[PDB]
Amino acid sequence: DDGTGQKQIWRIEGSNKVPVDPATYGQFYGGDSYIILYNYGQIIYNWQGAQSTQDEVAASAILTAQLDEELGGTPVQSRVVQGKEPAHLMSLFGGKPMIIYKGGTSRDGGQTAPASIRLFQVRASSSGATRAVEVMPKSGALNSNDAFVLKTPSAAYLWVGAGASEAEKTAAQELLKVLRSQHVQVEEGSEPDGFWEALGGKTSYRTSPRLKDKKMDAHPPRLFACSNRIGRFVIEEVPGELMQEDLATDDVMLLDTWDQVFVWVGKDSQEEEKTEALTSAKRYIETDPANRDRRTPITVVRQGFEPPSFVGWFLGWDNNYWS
């Protein structure tokens, strides 16, 4: 409907279900799971932070079951994972974006504290759904297509890539509010020396003509998963926001960015899987010549050696993820 309805949010901790500060709703901790209750018929969502411990997810289910029962099993349960939130769940916070802090809580380990120099990638969806994810404070994390927010104990910068859309921009400010800091909007390219210092690096980040394009809207990057494990090569499309966790380490991935088609080769994929993936990249291109420049390259990249211009299409990236 509009997410405007009333709602209560809890953050599983160990085995309990402590509430979430009503003012800090739009915010969540990736290293933890949450249980939210909404009212249109009620729908309970069971969010899972990408870096949420096992016990935290397990317990979550045990609790997300009782609540449904307390309400007479009437509510419609719904499980979701970071980055793959439905259009509805993204509206539950009015216009505000969905902040995703790094860290959270755990059994033995308490509630991890922030840093001092923090960086957030603000990417918006086709429809508008904006998310702000906390990343590693390094220039190499920058990305011409989105808007970032670099916050130091002193001042904060609102970096805006050449591809950043209006939504991502405004949502950047919104994050600034939650952070509570006077920012300084800096357009990609003309940034203050006093900025790179916080990142503690020279430059070199995820860029490319295509990442800066303002017409990518005609056809946003589509990530497909090709596997051959049932006996015949079968291709499926990855839903929601593209995420590193989406890259099938046992299969082959296809990243059509229209102007170019990447074929990501999983460290544990098969050889035929790669061979058929290539042929697929070909047919995707030859599917509509009149609109697709016949000479479109099909680049082959391997897990662990992906170029920035490729990683730049994902929301968040851990150089030591598969490590």
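Position 1 is the first residue in the sequence shown; the rest follow in order.
**Asked** Do the C-alpha atoms of 281-289 or of 62-70 have the higher average B factor in the entry?
**Response** Stretch with the higher mean C-alpha B-factor: 62-70.
**Request:** On mean C-alpha B-factor from the PDB entry, just flag whether 261-269 or 27-35 is the higher one.
**Result:** The stretch with the larger mean CA B-factor is 27-35.
**Request:** From the list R118, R222, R131, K96, select the residue with the highest C-alpha B factor recorded in the entry.
**Result:** Of the candidates given, the C-alpha B-factor peaks at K96.
**Item:** Lowest, middle or highest third - CA B-factor, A113
**Value:** For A113, the deposited C-alpha B-factor lands in the highest third.
**Request:** Give the position of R206 by CA B-factor within its chain, expressed as the lowest, middle or highest third.
**Result:** Lowest third, going by the recorded CA B-factors of the chain.
**Request:** Give the position of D213 by CA B-factor within its chain, expressed as the lowest, middle or highest third.
**Result:** Highest third of the chain for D213's C-alpha B-factor.
**Prompt:** Hey, what third does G189 fall into on Cα B-factor, ranked over its chain?
**Reply:** Tercile = middle for this residue's CA B-factor.
**Request:** Ordered by C-alpha B-factor within the chain, which third holds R294? Give me lowest, middle or highest, please.
**Result:** Its C-alpha B-factor, which the entry lists for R294, ranks in the highest third among residues of this chain.
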